[PDB]
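The same protein chain appears twice below, in two forms, each given on its own as structure tokens and labelled structure 1 and structure 2.
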Structure 1
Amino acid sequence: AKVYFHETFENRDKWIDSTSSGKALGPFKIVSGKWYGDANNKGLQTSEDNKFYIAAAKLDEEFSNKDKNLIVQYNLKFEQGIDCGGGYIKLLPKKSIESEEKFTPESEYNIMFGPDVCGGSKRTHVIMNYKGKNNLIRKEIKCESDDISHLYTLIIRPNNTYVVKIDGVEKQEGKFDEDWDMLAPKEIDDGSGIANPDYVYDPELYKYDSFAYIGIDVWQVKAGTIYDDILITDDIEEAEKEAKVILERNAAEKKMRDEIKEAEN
């Protein structure tokens, strides 16, 4: 069992803010949160409204998912009552950027995954790099938009198939087939899955020769989004063992949140 990355955010020593994006950035903070299931646990929070948040970290080791499972599993919370804001992550190959601080919204990524909320639109992104900066998308499931943590899980299997789960419950599965349309570079994934259908099937869409970095690059209107925990592994049993710990801690979190609301406004 090979764990390629497990960030619990005791600190963000590994994560480097971008110097290359040209955008107005805000600072991340390591915080407990307004409600939590473990008083010694902490998370990565966006601290300032109407700013971008752009940083990247190196994985524990460079790897390829050829002929292997890949599990991307992370716990994300919109504690602020989100009106418009991203909450997703990106995985990047070694050649995308010379070092962490070169990461920008335009850098080449292998995979973009996670929730994204704005103006009524609420989607879980699953974007797969196809060729160059062209990506594939399909019609996407809703994401959660309340104020407690939710575990997002993406499983990529080497028969070119995938599974999407929220809080340990399957919400979508399939093969990377003509359900998916091709997105042009820089074009928005609006969640409908409707773009350019004119591209040849790749039986190796699932596979990337290099995973080396992970990056966060989100716009925030109301800031306060918390990235609690990030796991990258090739081992389904290890992913399930860590999910159990996190889901039990999210249950205690929710009970603290319900007890606070029951006493307040």
Structure 2
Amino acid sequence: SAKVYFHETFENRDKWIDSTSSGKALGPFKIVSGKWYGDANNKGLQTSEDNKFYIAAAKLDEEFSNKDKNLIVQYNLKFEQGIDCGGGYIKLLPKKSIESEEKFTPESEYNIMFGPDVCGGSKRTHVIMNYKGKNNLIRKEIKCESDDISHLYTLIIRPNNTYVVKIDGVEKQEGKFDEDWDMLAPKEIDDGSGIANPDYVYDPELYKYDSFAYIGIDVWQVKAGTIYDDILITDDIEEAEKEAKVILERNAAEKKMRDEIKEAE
């Protein structure tokens, strides 16, 4: 029944290859239990060195397309350090984008970039959708969390051509891809065009991507310490909302350990 295309728990970091094709100046990930957590046997991937880029990619369990199917993207992310400026997002890439993991690059083509990103007064949850060569921003602010405990970001994409974004299981945006992005106005940014243009024609498949093949992380960090806890990708709505209560139960536990180290101070 349910198909899970990916579920990383970071017991290890074996599927994840650091880019050897960026021009950086990259930092190292470490698999670390965290200063506080809901399960001592559990485990996550952490950026470990300040003011550096972090770029790594991993192949998914199976190449797939979400055409005429659901798709849920859902991963748990912790800004343990008290983030000041740094990304916590992920990208998902088609097979055609990268000949293999080490060649993943910021300029690498992605289908979707999703997740928290914090710098100064900007705290938002990306939902960038790639369409016909352009990356399109969500058009609809979705703030992201900024404290030091893990939160669960969920993206939900139905073939109805609509989406849903939840954080910690509570829906925070819902709308239809043609109404909430300007994907069908490609020259609005560069060419001073409006949304109303010729070539604005409704696309039943703004939700569809032919190929999902890699997941990738490419964040800048000034204060390192961001931790990717768990990552899940699947086509089954109940399966994703079956694994989340596990994770949010453990984040609750994580919170109670959290506040006891802050009175040890």
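Counting starts at 1 with the first residue of structure 1 and goes up one by one along its sequence. Rigid core: the largest C-alpha set superposing within 1.5 Å between the two forms.
Here the two forms are overlaid on the core, and between structure 1 and structure 2 the C-alpha of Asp202 is the only one among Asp49, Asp209, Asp235, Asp202 to shift by 2 Å or more. A movement of the C-alpha atom of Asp181 reaching 2 angstroms or beyond is seen between structure 1 and structure 2 when the two forms are aligned on their rigid core. Taking 2 Å as the criterion, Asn129 does not count as shifted between structure 1 and structure 2: its C-alpha moves by less than this amount when the rigid core is aligned.
Fit the two forms on the rigid core and the C-alpha of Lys23 turns out 1.2 Å off between structure 1 and structure 2. Once the two forms are overlaid on the core, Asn159 shows a Cα shift of 0.9 Å between structure 1 and structure 2. Core superposition gives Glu140 a CA displacement of 2.1 Å between structure 1 and structure 2.
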